[PDB]
Amino acid sequence: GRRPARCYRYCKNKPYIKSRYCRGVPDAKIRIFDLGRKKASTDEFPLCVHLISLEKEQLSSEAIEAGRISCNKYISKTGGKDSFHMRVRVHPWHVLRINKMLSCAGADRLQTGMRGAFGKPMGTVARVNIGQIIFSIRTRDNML
Amino acid sequence: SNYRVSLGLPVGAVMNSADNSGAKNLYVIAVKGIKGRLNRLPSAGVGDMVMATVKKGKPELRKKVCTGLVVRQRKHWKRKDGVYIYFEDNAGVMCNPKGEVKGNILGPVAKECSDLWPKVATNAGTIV
Amino acid sequence: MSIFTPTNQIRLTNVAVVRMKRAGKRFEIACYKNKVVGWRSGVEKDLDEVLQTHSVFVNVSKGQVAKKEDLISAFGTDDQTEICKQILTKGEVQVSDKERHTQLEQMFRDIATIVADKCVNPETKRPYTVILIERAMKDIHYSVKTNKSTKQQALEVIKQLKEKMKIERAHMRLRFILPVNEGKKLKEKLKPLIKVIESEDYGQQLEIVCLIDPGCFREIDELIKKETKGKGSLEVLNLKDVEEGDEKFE
Amino acid sequence: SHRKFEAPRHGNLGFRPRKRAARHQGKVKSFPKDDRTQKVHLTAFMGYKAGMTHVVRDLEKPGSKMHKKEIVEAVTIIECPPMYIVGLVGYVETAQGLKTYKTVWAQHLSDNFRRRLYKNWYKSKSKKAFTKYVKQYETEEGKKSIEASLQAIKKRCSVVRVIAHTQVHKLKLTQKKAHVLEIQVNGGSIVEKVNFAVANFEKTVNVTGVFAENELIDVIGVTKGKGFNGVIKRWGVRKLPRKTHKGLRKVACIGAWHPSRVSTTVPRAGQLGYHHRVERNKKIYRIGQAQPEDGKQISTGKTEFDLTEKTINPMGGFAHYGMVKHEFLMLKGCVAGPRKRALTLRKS
Amino acid sequence: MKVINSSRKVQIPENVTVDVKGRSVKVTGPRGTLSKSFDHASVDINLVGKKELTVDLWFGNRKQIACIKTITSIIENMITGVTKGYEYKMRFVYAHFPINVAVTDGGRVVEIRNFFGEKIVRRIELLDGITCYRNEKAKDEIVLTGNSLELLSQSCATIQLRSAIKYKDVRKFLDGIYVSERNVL
RNA sequence: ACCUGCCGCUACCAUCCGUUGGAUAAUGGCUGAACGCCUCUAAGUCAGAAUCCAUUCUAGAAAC
RNA sequence: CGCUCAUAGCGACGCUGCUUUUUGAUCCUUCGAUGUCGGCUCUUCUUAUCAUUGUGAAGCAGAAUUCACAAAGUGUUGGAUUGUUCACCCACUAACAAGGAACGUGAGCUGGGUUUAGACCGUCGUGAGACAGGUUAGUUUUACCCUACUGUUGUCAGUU
RNA sequence: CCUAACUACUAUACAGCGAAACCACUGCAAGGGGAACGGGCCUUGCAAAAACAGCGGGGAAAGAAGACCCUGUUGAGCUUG
RNA sequence: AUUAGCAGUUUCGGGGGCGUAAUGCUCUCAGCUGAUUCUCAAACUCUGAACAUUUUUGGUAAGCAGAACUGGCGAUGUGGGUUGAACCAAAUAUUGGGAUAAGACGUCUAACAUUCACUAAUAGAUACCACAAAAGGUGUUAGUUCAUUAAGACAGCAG
């Protein structure tokens, strides 16, 4: 499965995007971003309820999608869709890497152990800072 | 029910199936009631219920893991009245899980074995 | 002769393998234990992810990786991550250290599922357990193949015992009798579980309903209408053979 | 890794120093806890293990399978000649434990009791043990100090023990050193316990008064010394197989590389026997009569339904013992020590 | 914050006399004497003449402020126990087995046999101010009565705790001896 | 060499023997505040484990 | 999901940790030498408790079972195959829990395996030879020292 | 299973004779840090002569400048276009 | 690299409604264009500064591998951090007196008094450094904000 996100939690690397040079990186788990009515005129929804991050880290795309579904589902159960319009104010652009080594019992033979250690792309990640909004909701004042 | 008799039939001891049902011997593979004690063989005394297979008998019952009563053994045990006793051969008789001998027992049946099991008394000729 | 630490040992693993035999040689690669049925169904599992290693193997137990002397000769290429896709699609799933288990437990899962589907006995038909046909399918001496489909394999094991024994190969029908007050929570439990007809409910008398049920599902429904109610409820036979079960021979 | 197959421990550690007992005869290191409800009575005695025999009795355990049926039960015969009481000793309770307070003796000290004080009795010409003491009873400026010594005991201290000793010389072993020990009196009101002490000076106490009939007693003794024995036969250790090089009667592994010393709990070869041991709940079946030194043979082994005028002694006497000619008591089961060994019986 | 002063006041009825000597309150009533120490408090228990008793606490915060109402209400319990002492009523509930109950008055003990058909006899002594007796009038009920609430309710709780079904489902069986009423006179 | 076999040693291959008090934990509770009520808890308090400490058992110290 | 019921019991999508009983990673000690697998044996420790004791929960009617707590005091087996650890069965059972101790334990053993030299076969190599493939036969040295342990004498800083 | 008894010679005791290996100094432990497994250092636990018979936990015990592994611009036996 | 709509085209490519049928009117709906909008990069830039700590690449990580400035250990003790190669103080000829530094000041252990709170856990107690997290608490102390009340408040007991 996926490696534990305690490995890729803190942003210690230079940022590393999908480009001409990072070729075959898999896609992001968060597919759609902006959810709600979203054809709503801005006079309708006056209330800006945010979710800002208090520590700087690498919020993984797999985490943003789970939080997105968890935020969509509870309001869709509560007051139905089109009672809100949230975007998501963070995009997973920094891609993670894994120097994958075999789980074999005779693993000295096969894997170049820390030789050519530069990992292959797994997933993506969003580099949030302290006080950077990740989930901005626009909704009516009857849903504070 | 009854007392401790001297156990002289371990695991791997063949004994003559005194039973008119089809066996010629009984090979004791474990005794019902033995637990524990690292490297000790499960022994059977008299009166014991053993799990046994037949190594010699009618072929329609020959590779099954059947249940038997040890009705006599030649390891001498003292009854608690002081008298000892030991029989001529080890012997067995096939039953069900409950302890119902469905055949007829031949030879003398030890009366430490007609105690716990009623139907071993009601198919015995000689209870000694 | 007396080295203080003995030499290299076998490469025991937990990793599935796929075969492709091309130009006289036997090429395998290491894959995932379930994610190769995630590849030959049309579903994508991100070709980086479906492999436990990208370098192509001669023998996956010996851990022997091929060379480009016998790769440009075999495949017509030497780029390994294109070799691994041809071996994945045009190969057949070979089997690891757990082959004997994932074949014997497979052929003992197969007889413990496909044989036990819809089977009632002779003499005013009743269902029964699985171990009776686990006796009576070795007794008919069935040899189980997997490449014939499981529904067809269900229709194959009961053909032999329609030929041999007197067994029924259809549905049945029941006429459930339940009292009105203490049986409605028994009604709405089996009403989305099985099919009903002739829902005839009263106030003064008893709810009488008729069923559309397989032959084998009766023994559950004899007991679940007592262990929930807590009283007596009556099993009355309606009919013994209805079609659109396995009688259409799908 | 770990211990592969799990087995119980080879040996008890509640007996662990496993050395020779320092008490040649068996020390009562705990007496029954005193209740002032009861009357004054002794609570220990000293027998000598004559031999062993088996008796037949009809069981009276309702519910059992042997019930109102004969049972052969083995019994040891402990020969108990009467014990002379020869002093008393007071014990005051202190913060560090009981301590010996004043130790009032008697006047006619026997020449067998005075042999305990003397390791070389034959070399001594004038046996001067307890000679300036017995002259306190002659005058009354010394006899006055005995009573002021004794009123210190019956006011200041809490445990009253009579220094009592046996008569080994009355049964012929080869011994004239008369085994001496303190028996704590266990009755109410310390001025009655010192009363029961001084009203028994120079007088003997029989075993039939201390120990009742059909009761459980404890047997303090010293077991049969089997010398320097190896670890199997000492602890119980499974023998190593037929092929072993250095020897097969050993504990194989005596520890891991990591405590890095041999534990005190590893079975090691050493002394067997001559261990001090007590045995609780040994039921007396019969207290036998004394045989008279002037009169006919009292049939001690005569029971009901037998009617044979015979002793407890078998044919040829007890093996490796004499005859039981003083009072005995036969209790069920075995007790520590061989024949001819001093046992300290004790009330439970 | 620890408040400067937090007092309470206990009203002594005219037939009761308290004898307090340094956090050791001792009521004396018509029906019996009762006493309890409060030496686990920094409290000046102090009486105003004959009718009042004033628990006081200088500079207590909480865990200390919270204790003056406790030791006021315990003195009120001691007072009410010696004017009109408490009488608890305990009722037998059983499914099938009629619970038998024995009572002597040596230590005023209760003995509870045929509880759930158990053959063990549930002999239980009472706390040392307490007696009890069966209700001839109301069926299946034993009334406890005493001079102190901490003895009476604890004796009742020991009857109730020792009258449980073990190793079963306690939501169904419900056989026991439970406290029903908690009257005074 | 074989047969029988003392003494001795020996074997669940034979025999005997292998306790009761206090304090606790888990938890169930009592009186009872904080917080007019409630509350096993905060001050106090009760029962309670193959547990812990003693009892009994083993040794008896540059201790008496 | 559990008929309804998120939380009796579970629990996806995510997140946060621990453990050093797996294998990696690294190369810090050791190459004028730490005897390296397994088993047998034996002791002690751990609790991440299988049973036993006391309790509390359940979709706990009884029985059976399941979750948790205080609990490591006391137990935790006989066997067929395999060198096996592991594995997988048969049978007993209150239960057949998981583990460390230099992957405990070779001056404790055995030497089955691995692992020298003989040899055979398969594939590779022209060949000498290779195999991390299969088979077969193949020296297991020393304690009398110090400590530790088990016992045994002995000195007791007014004499016995 | 499950060990038990017996016997000679050992070992053990005495008289006589009388070596060797090994040896930095040497010898009680816990934890800590340290070269990441201490007999020594640090903080603790403690600690009281001189010796005997055993024993195999340790002294990363002893025998051997590691035969495995790598380096060396060190060799050698054998093979081959 | 990349999210979301609103407008224009809108007849269009497709669906249809509308005049009875169509490049004919309008709607998602594609697409082209414009003003917006969310996140943005080591190999982007209009602009653009001043072993150990810091900058810093590979690695999940390391007491791992590799760099850059400075200071050290190696070479170097001493005082402190219980202990210690690198940390803090501070550098070593042999000493006496004084005041100090880091660090401490119940006893070991040289050195203390006064004062205000917080902690009621067997907790906690010198950075490196010998660990601890998400999530919780009607534990307590301080605090922010909103609401209720003599138009009778919360709570209790009742209609």
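Conventions adopted
Residues numbered from 1 in each chain as written, not as in the entry; some residues may be left out. Chains lettered and ligands numbered in written order. Part of a larger assembly, values for the part shown. Heavy atoms only, no water. Residues with missing side-chain atoms left out of burial classes, pairs and counts. UniProt positions renumbered as here; feature names shortened; annotations may be inferred. Pairing = 2+ DSSP bridges. Helix = DSSP H or I, 4+ residues; strand = E, 2+ residues; numbered from the N terminus. Buried < 20%, exposed > 50% of the residue type's maximum accessible area, 1.4 Å probe, protein only. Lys, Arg positive; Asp, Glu negative; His and termini not counted. Salt bridge = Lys/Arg side-chain N within 4 Å of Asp/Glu carboxyl O. Polar contact = N/O pair within 3.5 Å; in protein donor to acceptor, adjacent residues only side chain to side chain. Contact = heavy atoms within 4.5 Å. Nonpolar A, V, L, I, M, F, W, Y, C, P; charged D, E, K, R; others polar. Near = heavy atom within 4 Å. Axes fitted to C-alpha atoms, helices over the stretch in contact; angles between N-to-C directions. Buried area = accessible area lost by both parts, 1.4 Å probe.

In the PDB header, cryo-EM is given as the technique by which the entry was determined, and 3.3 Å as its resolution.

Where the PDB entry is consulted, chain E appears under the name 60S ribosomal protein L9, with the organism given as Dictyostelium discoideum. Here the entry title, as the record gives it, is "Mechanism of eIF6 release from the nascent 60S ribosomal subunit". Looking at chain E in UniProt, the text filed under Sequence similarities is "Belongs to the universal ribosomal protein uL6 family."

In the nomenclature of the PDB entry, chain B is known as 60S ribosomal protein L23 of Dictyostelium discoideum. The annotation that UniProt attaches to chain B under Sequence similarities is "Belongs to the universal ribosomal protein uL14 family."

With that settled, the discussion passes to the pairing of strand β12 (residues 276–288) of chain D. Residue and element names in this part refer to chain D. Here six bridges tie strand β9 (residues 216–222) to β12, and the two strands are oriented antiparallel to one another. Pairing of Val219 across the sheet is with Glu279, part of β12. Examined bridge by bridge, β12 and strand β13 (residues 328–332) share four bridges and lie antiparallel to one another. Among the inter-strand pairings, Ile284 is bridged to a residue of β13, identified as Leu331.

Okay, the side chain of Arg11 of chain C next. In this structure, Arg11 of chain C sits in the segment before β1 (17–22). Buried charged residue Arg11 of chain C carries no salt bridge. Nearest counter-charge: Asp108 of chain A, at 7.6 Å. Among the polar contacts listed, one links the side chain of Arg11 of chain C to the backbone oxygen of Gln9 of chain C, at a separation of 3.2 Å. Sequence-distant contacts of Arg11 of chain C, that is, excluding residues within four places in its chain, are made with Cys104, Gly106 and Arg109 of chain A together with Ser61 of chain C.

Okay, the interface of chain C and chain A next. Many structure descriptions define interface size as the accessible area lost when the parts assemble. Taken residue by residue, the interface counts 14 residues in chain C and twelve residues in chain A. Taken together, the connections running from chain C to chain A amount to zero salt bridges. At the boundary of chain C with chain A, the tally comes to four residue pairs in polar contact. In the side of chain C that touches chain A, the residues fall into three nonpolar, seven polar and four charged.

Residue and element names in this part refer to chain E. Looking at where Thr17 falls in the secondary structure, it is placed in strand β3 (residues 17–18). Taking the C-alpha atoms as reference points, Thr17 and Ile130, separated by 113 residues in sequence, lie 22 Å from one another. With residues near it in sequence (within four places) discarded, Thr17 still touches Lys26, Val27 and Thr28.

Moving on to the protein's contact with RNA strand H. Residue and element names in this part refer to chain D. Looking at RNA strand H, there are 21 residues lining it, with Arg238, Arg249, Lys250, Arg261 and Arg268 nearest. Sugar and phosphate atoms constitute 82% of the interface atoms of RNA strand H, taking the interface as everything within 4 Å of the protein. Separating a sugar or linking oxygen of RNA strand H from a side-chain N or O atom of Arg268 is a distance of 2.3 Å. Taken together, the residues of the surface near RNA strand H break down into nine nonpolar, four polar and eight charged.

Residue and element names in this part refer to chain A. Strand order in the open sheet formed by three strands is β3-β6-β5, with antiparallel pairing between adjacent strands. The open sheet has two free edges, formed respectively by β3 (57–60) and β5 (94–98), since each of these has just one partner strand. Here the strands of the sheet are splayed against their neighbours by 55 degrees on average, with no regard to which way each runs. Sheet analysis places β5 next to strand β6 (residues 120–128), joined by four bridges and oriented antiparallel. Of the residues in β6, the one forming a bridge with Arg97 is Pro121.

On to the interface of chain B and chain D, then. Counting residues at the interface gives ten residues for chain B and 13 residues for chain D. Interface area for chain B against chain D, summed over the two sides, is near 880 Å², with a carbon-plus-sulfur share of 62%. Counting across the interface, chain B meets chain D through zero salt bridges. Between the two partners, chain B and chain D, sit zero residue pairs in polar contact.

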